[PDB]
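Here you get one chain, nothing else, as structure tokens; it is the form deposited in one PDB entry.
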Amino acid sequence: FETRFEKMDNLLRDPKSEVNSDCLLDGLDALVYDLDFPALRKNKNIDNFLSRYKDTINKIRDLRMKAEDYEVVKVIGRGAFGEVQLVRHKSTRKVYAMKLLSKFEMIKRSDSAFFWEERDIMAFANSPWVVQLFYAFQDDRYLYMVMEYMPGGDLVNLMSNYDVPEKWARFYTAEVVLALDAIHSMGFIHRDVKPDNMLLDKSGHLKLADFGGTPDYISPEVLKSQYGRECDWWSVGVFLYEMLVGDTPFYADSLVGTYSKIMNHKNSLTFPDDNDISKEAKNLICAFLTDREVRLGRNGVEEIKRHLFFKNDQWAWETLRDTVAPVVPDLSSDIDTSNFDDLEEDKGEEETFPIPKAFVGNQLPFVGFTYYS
């Protein structure tokens, strides 16, 4: 009966716990945002609670991390549920990438739970090959994720600017293998591994970001189901082929043509006559681009790491991150975004949730999102 106090204290300090300090503050913050509407304050219990917690909730919001703590330098990404900005912390002056997710768009589209895996993977992967999330926070309108800035840009940009030789493809594939292993070890399946998720740091080394499938990268077991770690390894094979050949293995003008080439992979997968790809590179691509039942990746990464395609003189698995990367970005400053398409800031007022007549709990799906490193 004395041990209960210690057990509780552990739950409050564990960053992975659903009742840690940040989650409990999120619940109070969410409760105040969801009750503080004129029609709800006609209920005496609600009106009195808000008056009693007014000073402390205002003080908590000011101490806790908020959007105001960061200055927006540029917008480097934009999507249906929000955008990714290059920001500078006002106090420390450190530059970061900050993703914003619109709570209004997520509630409006009954799609308010995809971000949990993204958050957890980047917060807890603790890997040289996974983009790190330093802070997650929120207000009544947005979720925020402060990640390390990757100034090299993505593999989509790299593949369009360069003809990738095998030495480079070996390096990028090996870093993707380690990145996927770190995510799979945590019990997660990335589900949309594609060059868009592969980002390069100031040294030109690859890290996976996790977000959102795409036709060219979709495995046969998905097209015949409308899964395991194998669906991720199919995507690595598509990626290796696209790097070495310049085109995706199952490209077609239409969506249907690509789907049929994917299903008919045993006959559609061909290497061009005008290509001098090694035997071991073709063997690795074919070991991934095969049926789920015999695919490279089912048994784990050790099998992939032992593959002969990765045998080289430059590096070993333990010194891969220590080698000079093939494309090292030349950066003018800590806010250089030359490896990204600069987008414009959208400053216009955005639509918010309908003003409740009774308690609806729009903040409830987001309790527990806050995270401090």
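Start at 1 and count along the sequence shown; that's the residue number. So that the term is clear: the rigid core is the largest set of C-alpha atoms that superpose within 1.5 Å between two forms.
Omitted from view is the form deposited in another entry, to which the following refers.
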### Query
Any CA movement of 2 Å or more for residue 111 between the shown form and the other one, core superposed?
yes
### Rigid core fit then residue 199 CA moved by 2 Å or more between the shown form and the other one
no
### Displaced residue check between the shown form and the other one: residue 281, CA, 2 Å or over, core reference
yes
